[PDB]
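Take a look at the structure below.
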Amino acid sequence: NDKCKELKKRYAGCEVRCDXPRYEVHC
């Protein structure tokens, strides 16, 4: 449920911007 963590762990290298209910993955 920690999507910021999950995304920032899965996308090891990408710029995952966590902003509340918004997540911006910039690879």
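As shown in the structure tokens, the chain order sets the letters A, B, ...; within each chain, residues go from 1, and ligands are also counted from 1 in the order they appear.
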Notebook entry, point to check: residue 10 in chain A: which residues within 12 Å, counting only C-alpha atoms, same-chain residues fewer than 6 positions away excluded, as a ChimeraX atom specification?
Noted result: /A:3-4,16,25,27
Next item on the list: List every residue of chain A that DSSP, applied to the backbone of this structure, places in strand (DSSP E), and write the result as a ChimeraX atom specification.
Entry: /A:15-19,22-26
Checklist line | For residue 17 in chain A: contacts at 9 Å, only C-alpha atoms, fewer than 2 positions along chain excluded, given as a PyMOL selection string | finding: chain A and resi 4+8+15+19+22-26
Notebook entry, point to check: Which parts of chain A does DSSP call alpha helix (DSSP H) when run on the backbone here, written out as JSON, numbers by chain?
Noted result: {"A": [3, 4, 5, 6, 7, 8, 9, 10]}
